[PDB]
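A.B. asks: If you read the first sequence in the authors' numbering, its first letter stands for residue 9, the second for the next number, and so on. Below is the structure I would like to discuss, written out as structure tokens.
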Amino acid sequence: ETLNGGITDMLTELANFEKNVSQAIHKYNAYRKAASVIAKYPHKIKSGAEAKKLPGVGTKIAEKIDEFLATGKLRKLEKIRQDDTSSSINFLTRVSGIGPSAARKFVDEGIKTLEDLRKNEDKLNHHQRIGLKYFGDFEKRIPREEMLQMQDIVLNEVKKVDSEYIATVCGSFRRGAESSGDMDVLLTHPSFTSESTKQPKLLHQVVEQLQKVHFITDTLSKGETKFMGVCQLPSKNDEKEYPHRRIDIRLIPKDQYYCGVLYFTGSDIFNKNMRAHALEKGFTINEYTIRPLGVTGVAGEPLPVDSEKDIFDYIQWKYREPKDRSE
DNA sequence: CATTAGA
DNA sequence: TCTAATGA
Ligand code: NA
Ligand code: NA
Ligand SMILES: [Zn+2]
Ligand SMILES: [Zn+2]
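Written as structure tokens, this is what we have:
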């Protein structure tokens with residue numbers, strides 16, 4: 009956790025590079041398990057030889073580990089850290105809609121900077137167009153202060169459209185967080201569930217409403233159950249406008265809400281931790297359901313869930329408020 | 001690990 | 001159709 013920190017962070021930097029800059033999924037994949045096992049290793053690694061004893065740790069990485077332990081650095085790392093091409097990919101990739109793929113492609117073409125980005129906006133598709141367009145606004149965290157207003161407005165329209173609608177802004181936000189990165193809004197309705205063959209308009213109705221009153225400014229993507237957009241607080245009586253904010257809306261079959269909701273609220277750790285428990289308690293939990301376990305190794309048979317309570321009950325736990333869903 | 005775009 | 005990207 010810190011006794012092996014550098015070893016791990018070096019290894020990540022290493023790992024991460026293969027993946028993006030070159031396309032060495034293996035190598036890349038190498039560096040990760042290696043960085044995964046050393047993390048757990050309950051002891052200060054003194055040599056690679058020592059490390060080497062590990063699983064996933066081969067000759068390759070031991071080498072590095074020595075140099076890193078020896079001199080507080082790494083040449084391969086110092087060279088990568090320097091290098092423009094790699095540097096560049098690292099950067100382009102920031103634009104929402106730009107994955108390594110395109111990043112490497114642009115790069116080759118000679119599009120290294122953001123400015124290059126603009127001059128060749130033609131080379132960008134809509135997602136990426138908007139990426140560029142709100143590059144700044146995008147990297148900026150959300151004051152819960154703001155979260156509360158946004159949320160305010162969402163709930164009002166959802167309701168006005170149809171009062172049967174059930175929305176939940178899940179996230180860090182839900183878990184009390186002081187700021188968040190994007191607004192994740194959970195959504196299901198009664199007439200929509202597991203079987204009842206969809207109802208696209210069900211998502212589409214609101215998506216409109218929201219754009220209707222100008223809360224939605226753009227659309228990253230929109231399908232029958234997931235809508236990816238851009239929202240924005242009414243820049244009040246001017247002098248101060250609102251940063252454009254990444255927003256995601258999702259439609260759940262009423263019968264699988266809370267699992268979903270439970271799920272998305274996280275945290276990752278509460279998750280696993282909640283997930284690890286249901287196992288001992290004779291179950292199974294996942295993004296949509298909770299099924300009892302059958303001795304034959306496994307089993308199925310989706311339990312009927314009415315609220316984030318039922319799930320606990322099921323695994324007979326203590327209902328942990330979202331605020332305290334941190335671990 | 002799943003959904004959407006796109007070419 | 002495949003392949004990319006976003007989703008902690
Ligand atoms: Na080994
Ligand atoms: Na990106
Ligand atoms: Zn020791
Ligand atoms: Zn989020």
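C-beta: ideal position from N, C-alpha, C; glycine also.
Less than 7 Å between the CB of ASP92 and some heavy atom of ligand 4, yes or no?
C.D. replies: Answer for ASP92: no, Cβ out of range of ligand 4.
A.B. asks: Using 8 Å for Cβ pairs, my map puts residue 2 next to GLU21. What's the rounded Cβ distance?
C.D. replies: Nothing about residue 2 can be reported from this structure: the residues present for the chain run from 9 to 335 only.
A.B. asks: Can you tell which of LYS72, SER180, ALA110 and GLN136 has the C-alpha that lies nearest to the C-alpha of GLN31?
C.D. replies: For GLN31, the nearest C-alpha among the options comes from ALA110.
A.B. asks: Measuring only from the beta carbon, is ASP145 closer than 7 Å to any heavy atom that is part of ligand 4?
C.D. replies: Checking the Cβ of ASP145 against ligand 4 gives no.
A.B. asks: Determine contact between the segment 262-278 and the segment 288-298, defined as no fewer than three beta-carbon pairs at a distance below 8 Å.
C.D. replies: Verdict: yes, contact present.
A.B. asks: Tell me the DSSP bridge mates of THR101?
C.D. replies: DSSP, once it has assigned bridges, lists no residue as partnering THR101.
A.B. asks: Taking all protein chains shown into account, do 16 or more other C-beta atoms lie within 10 angstroms of the C-beta of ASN12, making it buried, or fewer, making it exposed?
C.D. replies: Buried, by the Cβ-count rule.
A.B. asks: So, does the segment 79-87 touch the segment 98-108, judging by three or more C-beta pairs under 8 Å?
C.D. replies: No, the segment 79-87 does not touch the segment 98-108.
A.B. asks: What three-state label does DSSP hand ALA175 in the structure shown?
C.D. replies: Here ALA175 sits in strand by DSSP.
A.B. asks: So the alpha helix (DSSP H) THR297 belongs to, where does it begin and stop?
C.D. replies: No alpha helix (DSSP H) holds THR297; the beta strand (DSSP E) holding it covers 297-300.
A.B. asks: Excluding the 5 residues preceding and the 5 following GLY14 in the sequence, name in chain order all residues of the same chain whose CB lies nearer than 7 Å to its CB.
C.D. replies: These residues qualify, in order along the chain: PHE76.
A.B. asks: Looking only at C-alpha atoms, which of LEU259, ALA175, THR176 and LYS167 sits nearest to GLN207?
C.D. replies: Taking only the C-alpha atoms, the option nearest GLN207 is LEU259.
A.B. asks: Any idea what DSSP makes of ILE257, helix, strand or coil?
C.D. replies: Three-state DSSP puts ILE257 in a strand.
A.B. asks: Three or more beta-carbon pairs under 8 Å between the segment 213-226 and the segment 234-252, yes or no?
C.D. replies: The segment 213-226 vs the segment 234-252: in contact.
A.B. asks: Kindly provide the ranges of any beta strand (DSSP E) runs that are 3 or more residues long and lie completely inside the segment 17-55, ordered along the chain.
C.D. replies: Whole beta strand (DSSP E) segments, 3+ residues: zero.
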